[PDB]
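Report on the structure
Below are the chains, spelled out letter by letter.
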Amino acid sequence: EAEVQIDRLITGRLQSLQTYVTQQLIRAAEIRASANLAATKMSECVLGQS
Amino acid sequence: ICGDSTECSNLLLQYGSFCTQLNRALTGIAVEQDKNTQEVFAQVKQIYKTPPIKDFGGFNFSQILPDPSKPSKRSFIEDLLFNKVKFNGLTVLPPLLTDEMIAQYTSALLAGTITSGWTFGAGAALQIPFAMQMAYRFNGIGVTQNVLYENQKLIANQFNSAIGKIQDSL
Amino acid sequence: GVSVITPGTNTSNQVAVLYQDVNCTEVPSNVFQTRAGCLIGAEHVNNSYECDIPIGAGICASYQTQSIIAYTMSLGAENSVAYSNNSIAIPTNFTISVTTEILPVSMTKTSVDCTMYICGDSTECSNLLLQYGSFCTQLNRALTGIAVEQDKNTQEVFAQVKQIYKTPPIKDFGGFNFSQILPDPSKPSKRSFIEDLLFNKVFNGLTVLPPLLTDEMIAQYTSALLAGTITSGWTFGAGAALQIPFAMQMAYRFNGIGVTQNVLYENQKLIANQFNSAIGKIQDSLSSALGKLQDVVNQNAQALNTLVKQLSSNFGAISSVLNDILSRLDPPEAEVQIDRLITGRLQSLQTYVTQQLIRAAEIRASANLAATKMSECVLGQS
Amino acid sequence: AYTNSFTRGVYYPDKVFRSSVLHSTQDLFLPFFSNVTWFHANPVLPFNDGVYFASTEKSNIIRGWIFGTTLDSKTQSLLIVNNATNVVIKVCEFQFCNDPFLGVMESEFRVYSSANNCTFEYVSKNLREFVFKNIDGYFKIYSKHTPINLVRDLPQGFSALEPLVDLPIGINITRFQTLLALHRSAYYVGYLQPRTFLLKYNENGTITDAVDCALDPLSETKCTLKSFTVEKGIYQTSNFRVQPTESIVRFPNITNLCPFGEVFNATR
Amino acid sequence: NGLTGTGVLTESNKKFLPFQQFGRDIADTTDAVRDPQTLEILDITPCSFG
Ligand SMILES: *[C@@H]1O[C@H](CO)[C@@H](O[C@@H]2O[C@H](CO)[C@@H](O)[C@H](O)[C@H]2NC(C)=O)[C@H](O)[C@H]1NC(C)=O
Ligand SMILES: *[C@@H]1O[C@H](CO)[C@@H](O[C@@H]2O[C@H](CO)[C@@H](O)[C@H](O)[C@H]2NC(C)=O)[C@H](O)[C@H]1NC(C)=O
Ligand SMILES: *[C@@H]1O[C@H](CO)[C@@H](O[C@@H]2O[C@H](CO)[C@@H](O)[C@H](O)[C@H]2NC(C)=O)[C@H](O)[C@H]1NC(C)=O
Ligand SMILES: *[C@@H]1O[C@H](CO)[C@@H](O)[C@H](O)[C@H]1NC(C)=O
Ligand SMILES: *[C@@H]1O[C@H](CO)[C@@H](O)[C@H](O)[C@H]1NC(C)=O
Ligand SMILES: *[C@@H]1O[C@H](CO)[C@@H](O)[C@H](O)[C@H]1NC(C)=O
Ligand SMILES: *[C@@H]1O[C@H](CO)[C@@H](O)[C@H](O)[C@H]1NC(C)=O
Ligand SMILES: *[C@@H]1O[C@H](CO)[C@@H](O)[C@H](O)[C@H]1NC(C)=O
Ligand SMILES: *[C@@H]1O[C@H](CO)[C@@H](O)[C@H](O)[C@H]1NC(C)=O
Ligand SMILES: *[C@@H]1O[C@H](CO)[C@@H](O)[C@H](O)[C@H]1NC(C)=O
């Protein structure tokens, strides 16, 4: 009787974690594009004249 | 998911490698965050230092050079910026670089620029006096370089006032 | 968490263990406390080296000093500029240096057949699947959209010429020697000598589609770019190619960095010897580094294997085989067990398709940077 | 005496061919670098979960084993024997000598004195390893015969054991013994526990190497990566969770308990 | 004798051990069998699809 309910709990809790990880993946690619712009600015505006 | 219980772990074992994938995904993200910082800040070969004098042609960099009376050795403006910004399996890892190390990279980038212009970014640092470097830069925007030497004091005062306005704006 | 730090088996057998953010007095020699946890099996030294294996909070480890060791990494040397209000340093010589930069442009085009993966040619599962709507037309649309842009990625890095330029038979370029990067007819696919060292260093509803441009075509494109630049400078990227002798082109490029032309013409043989000797070292350093290209291959294979290894999980059913639920269950009882497999397999296929979209968006930005570097560093002087 | 196995007691977990594939299994194995008893020449041992058993000689002093719970009548037991002829498996209710053996004329077999109710019959230097296990009424036996270039000491090396027999008996087992050929004219005992191993398969399909994934941190890393080579670095391998002892059940006092001392203690 | 499947059967040149019935691949799919009556190894491939 309990295995039936525990499988529902498992399904919900695994869906929540997948939502979390997918959004962290999408949010980290946005932070990387920003750090790439910062590296180019540090090279071109601090180590030279643009 | 389960969390302590044991009836849960054997049932979750039936789903395959769903949890191994998620841990790989999160570990890749965490390894990328250190490479972000290495690529922005560790852009310098040596750790350069400013000389004990500050004869920079009337230009005053004291609000952005490091503060020797501090454990962190941050600058005044870096101190202003840093005052304005266990669970169910959740963990926070620390960054590889302390922010003492980051402040030490930034001060070396600053001393490279104030002392050598742009030569340290292409090879060995070659010293040049700061007014003459400022005059090289006036040439780069198409102004003739006596416009700098005949207006040095006014130009240095304008720089100093604009640097003073930034803290107030912060 | 518990992490294991190894300086490599192909070197030693010792090891160290990090207990993450645990106070080192409640763990159960060398016990060392870090801002990142308790480290066991490495000794703490007072020196400071370049970082080897990153522990955290400024601490790295290495296999150096015998055993694993720890310490606070080194930012770098220490250079002290002798700055004064009337001193200048001016260079009296130069070196010609040449370095490499490696960039991924494409990944492999894969296709899946939803029905053959989830059901595997069985009409019972295939009829239950119809109740889920159009999930499996969306998955195929997504994979097709990312397999077309892989060919678009290559087309914009390499088809940056209109003509296929050829180099002259008698090759006197002022002492400069390009023989290790020019095409070689006796080689495979007419590749250059260095393009070979690079190509040597790196079931059920699943297929792999071939790329539109072969490797022969891409080597043809790079030899046309390389013969255009050796022979016309930067003129062919703005119009018709106009020939110029190679040392006069080198003198124009010296002008572009603010050196005068007599400095090239009076140092021609030295500059050419330095260039030849520096091209000779790329060949050694590679023949004896392509990790960014290896990683995208590895990631795709690791994902495709995880997709197939999921065809053998129950997800809460009596078996993983449809010929076993269709053999010891009557149709009213096998529906409930087939649906548990359908749900799991759909979840796994859709996870595969999301992570490929996120990985393709990253390969796309790399290819966009490679296309800009081909324009700005190969057809110009930046 | 006691001795140290090095990498010994690996058997093919089952049929199914296989080639170069660092395949991972969970089963009952003899852990690497274990504490194996030493016997010279013997007594009643336990079983409790399978048994590794090696032996060394050129003559044949080791002449089979005897198994069971009581090694007598009133309950059933197995008997595996080998005279100078060939193997004799047998399952009856016996009466076993408390010191049973066979002689070497060449007349022998003072082993038992009873053979009642037989429910199964069968009839027909050196290092000889055996793995005995007993699951779901089946008594499985793996074995291997390697030639030593010593006479009677436990060597070092790797050699996987191939399945021999399968007996659908049903018998319960808790104890076992050995049988020796007397003088008239060296052996070890390991035990098996539930471990997880990483087996390396050849291209012909034989197990050539293995990794015990609970020996040390290096082995747990090799198991986590599924490889035999590990490059310098750091990897997440498991988790550390303190353990809680005892269960303290707190609660409130007992004010309005029960005044039963009125209905069960009335005067009238 | 229990293994149910589909595909083309072909004469093999692998050598099982004389107690092994069928062979598996990495990623765990049956790819060889042994014929019970004649005891010869036969490879099994997925019907020509695509
Ligand atoms: C550089 O500028 C700072 C102002 O930001 C100067 O420091 C201040 O100087 C005034 C008088 O000139 C004092 O009243 C303030 O108390 C100073 N602030 C401090 C010390 O934090 C500094 O003197 C300038 N540098 C030079 C060389 O003149
Ligand atoms: C500039 O540097 C080059 C080295 O890059 C000097 O040439 C070297 O001179 C030494 C000693 O004469 C020789 O052993 C090397 O073979 C030379 N190198 C090459 C590549 O030919 C050159 O002399 C320097 N010029 C000045 C003015 O100092
Ligand atoms: C350009 O450099 C190459 C070296 O990579 C020269 O070719 C080799 O030279 C050596 C030395 O004589 C010979 O042993 C090889 O047989 C040559 N060919 C190879 C390695 O393929 C080449 O001669 C140089 N070009 C000029 C014009 O000097
Ligand atoms: C660990 O516990 C001891 C005992 O209280 C304490 O002195 C020590 O500071 C703790 N560790 C850290 C990192 O604070
Ligand atoms: C490192 O240097 C410090 C200096 O304060 C000293 O106290 C410490 O003992 C040194 N460590 C070792 C391992 O020698
Ligand atoms: C085996 O265990 C016994 C138990 O007392 C111990 O005395 C002996 O030293 C152990 N042997 C080894 C090799 O650890
Ligand atoms: C060997 O022992 C078995 C045990 O019963 C016996 O049946 C057999 O006859 C013996 N061999 C000979 C040659 O008697
Ligand atoms: C086992 O043997 C005993 C004594 O010979 C006998 O009483 C008993 O009936 C036998 N068991 C069966 C199942 O016949
Ligand atoms: C067995 O393996 C060896 C080495 O792995 C190989 O040379 C041989 O061809 C294989 N087959 C045999 C011996 O039948
Ligand atoms: C009755 O009262 C006596 C004296 O107080 C006590 O010993 C006994 O336990 C009481 N009986 C019950 C059933 O509580």
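Reading the values: rules and limits
Residues numbered from 1 in each chain as written, not as in the entry; some residues may be left out. Chains lettered and ligands numbered in written order. Part of a larger assembly, values for the part shown. Heavy atoms only, no water. Helix = DSSP H or I, 4+ residues; strand = E, 2+ residues; numbered from the N terminus. Rg over C-alpha atoms; globule rule 2.2 N^0.38 Å. Buried < 20%, exposed > 50% of the residue type's maximum accessible area, 1.4 Å probe, protein only. Areas by Shrake-Rupley, 256 points an atom, 1.4 Å probe, with all protein chains shown as cover. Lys, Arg positive; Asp, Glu negative; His and termini not counted. Charge placed at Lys NZ, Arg CZ, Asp CG, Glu CD. Pairing = 2+ DSSP bridges. Axes fitted to C-alpha atoms, helices over the stretch in contact; angles between N-to-C directions. Contact = heavy atoms within 4.5 Å. Polar contact = N/O pair within 3.5 Å; in protein donor to acceptor, adjacent residues only side chain to side chain. Disulfide = S-S within 2.5 Å. Parallel < 35°, antiparallel > 145°, perpendicular 65-115°, else oblique. Left-handed = near helix turned anticlockwise from the far one by under 90°. Nonpolar A, V, L, I, M, F, W, Y, C, P; charged D, E, K, R; others polar. Buried area = accessible area lost by both parts, 1.4 Å probe. Salt bridge = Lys/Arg side-chain N within 4 Å of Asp/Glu carboxyl O. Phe/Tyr/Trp six-rings, centres within 6.5 Å; stacked < 30°, edge-to-face > 60°. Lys NZ or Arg CZ within 6 Å of the ring centre and 35° of its normal. UniProt positions renumbered as here; feature names shortened; annotations may be inferred.

Method of determination, as annotated in the archive: cryo-EM, at 2.8 Å resolution.

Here we come to the overall build of chain B. Helix and strand counts for chain B stand at seven helices and zero strands. In chain B, the order of α-helices and β-strands from amino to carboxyl end is α-α-α-α-α-α-α. Scaling as 2.2 N^0.38, a compact globule of 170 residues should have a C-alpha radius of gyration of about 15 Å, whereas chain B reaches 25 Å, well beyond that. Based on the C-alpha atoms only, the size of chain B along its principal axes is roughly 85 × 35 × 30 Å. Taken over 170 residues, chain B has a buried fraction of 35%. Roughly 10,000 Å² of accessible area belongs to chain B as shown, and the carbon and sulfur atoms make up 59% of that amount.

Let us now look at the overall build of chain A. Scanning chain A from N- to C-terminus turns up one helix and zero strands. Here the C-alpha radius of gyration of chain A, 22 Å, is well above what a compact globule of 50 residues would show, namely 10 Å. Structurally, chain A occupies a C-alpha span of about 75 × 10 × 5 Å along its principal axes. Here chain A holds 50 residues, and the buried ones make up 22% of them. As displayed, chain A has an accessible area near 3,600 Å², and 53% of this comes from carbon and sulfur atoms. Computed over 5 positive and 5 negative side-chain charges, the separation of the two mean positions in chain A equals 10 Å.

So, on to the sheet that holds strand 9 (residues 112-121) of chain D. All names here are of chain D. An order of 7-8-9 is seen for the three strands of this open sheet, with the pairing classed as antiparallel. The open sheet has two edge strands with one neighbour each: strand 7 (77-82) and strand 9. Direction aside, the axes of adjacent strands within the sheet are offset by 50° on average. Inspection of the sheet shows strand 8 (residues 87-96) paired to strand 9 by five bridges, in the antiparallel sense. From the neighbouring strand, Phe96 faces strand 9, where its bridge partner is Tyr112.

Inspection of the secondary structure puts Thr115 of chain B in helix 4 (residues 99-116). Look past the residues within four positions of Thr115 of chain B in its chain and what remains in contact with it is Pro51, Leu126, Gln127 and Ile128 of chain B together with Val81 and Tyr83 of chain C.

Attention now goes to the environment of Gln127 of chain B. Residue position: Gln127 of chain B is located in the loop between helix 4 and helix 5 (130-140). C-alpha of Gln127 of chain B to C-alpha of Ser116 of chain B: the two residues are 11 residues apart in sequence and 4.5 Å apart in space. If sequence neighbours within four positions are ignored, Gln127 of chain B has contacts with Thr115 and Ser116 of chain B together with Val81, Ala82, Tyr83, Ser87, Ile88 and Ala89 of chain C. Among the polar contacts listed, one links the side chain of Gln127 of chain B to the side chain of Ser87 of chain C, at a separation of 3.3 Å.

What follows concerns the state of the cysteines. One pass over the structure, following the stated rule, counts seven disulfides over all chains. Residue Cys2 of chain B pairs covalently with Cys8 of chain B via a disulfide, S to S 2.1 Å. The sign of the S-S torsion, about -90°, decides the handedness of the disulfide formed by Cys2 of chain B and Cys8 of chain B: left-handed. Note on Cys377 of chain C: no disulfide assigned, nearest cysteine sulfur contributed by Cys45 of chain A at a separation of 17 Å. No disulfide involves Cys97 of chain D; its sulfur sits 15 Å from that of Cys92 of chain D, the nearest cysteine. Exposure remark for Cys97 of chain D: the relative accessible area of 25% places this residue in the partly exposed category.

Below, the discussion takes up the packing of helix 1 (residues 2-46) of chain A against helix 2 (residues 18-41) of chain B. At a closest axis distance of 10 Å, the pairing of helix 1 of chain A and helix 2 of chain B adopts a crossing angle of 15°. It follows that helix 1 of chain A is roughly parallel to helix 2 of chain B by the angle criterion. In the packing of helix 1 of chain A onto helix 2 of chain B, the handedness of the crossing is left-handed. Here the residues of the contact of helix 1 of chain A with helix 2 of chain B sort into 17 nonpolar, five polar and three charged.

Counting residues at the interface gives 41 residues for chain C and 38 residues for chain B. In terms of surface lost to chain B, no three residues of chain C exceed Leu75, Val81 and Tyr83 of chain C, which account for 26% of the buried area on that side. Counting the contacts that link chain C with chain B gives one salt bridge. Of the charged contacts in the structure, one is a salt bridge between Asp21 of chain C and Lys86 of chain B, with a shortest N-O distance of 3.1 Å. Put simply, chain C and chain B have 14 residue pairs in polar contact between them. Top element by residues in the side of chain C that touches chain B is helix 11 (residues 331-378) of chain C. It accounts for five residues. Of the residues in the side of chain C that touches chain B, the class split is 17 nonpolar, 21 polar and three charged.

With that settled, the discussion passes to unusual backbone geometry. We note that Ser189 of chain C has phi near 65°; this positive angle belongs to a residue other than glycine. Tracing the backbone through its elements, the reader meets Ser189 of chain C in the loop between helix 3 (135-158) and helix 4 (193-201). Not every positive phi belongs to a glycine, and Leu39 of chain E is a case in point at roughly 65°. Secondary-structure assignment places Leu39 of chain E in the loop between strand 3 (30-34) and strand 4 (41-45).

Turning our attention to the packing of aromatic side chains. A ring pair, where both rings are aromatic, is described by two values, the distance of the centres and the angle of the planes. Taken as a whole, this structure holds 46 aromatic pairs over all chains when the rule is applied. The rings of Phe39, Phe47, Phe53, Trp65, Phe67, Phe130, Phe132, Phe139, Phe176 and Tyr187 of chain D are connected pair by pair, giving a single aromatic cluster. Its end group placed over the ring of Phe82 of chain B, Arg74 of chain B keeps NZ or CZ at 4.2 Å from the ring centre. Geometry around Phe228 of chain D places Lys200 of chain D over its ring, the cationic atom sitting 5.0 Å from the centre.

Let us look at the UniProt feature "disulfide bond" in chain B. For the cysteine pair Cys2 of chain B and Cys8 of chain B, annotated in UniProt as disulfide-bonded, the sulfur atoms lie 2.1 Å apart, consistent with the bond being present in this model. Considered together, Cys2 of chain B and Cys8 of chain B belong to a single accessibility category, that of buried residues.

Attention now goes to the sheet that holds strand 5 (residues 51-53) of chain D. Residues and elements named next belong to chain D. Pairing is antiparallel across the open sheet formed by four strands, whose spatial order is 5-10-11-12. With partners counted over all chains shown, the strands left at the sheet margins are strand 5 and strand 12 (162-168), one partner each. The sheet shows a mean angle of 15° between the axes of neighbouring strands, taken without regard to direction. Looking at chain direction, strand 11 (residues 138-146) and strand 12 are connected through six bridges and run antiparallel.

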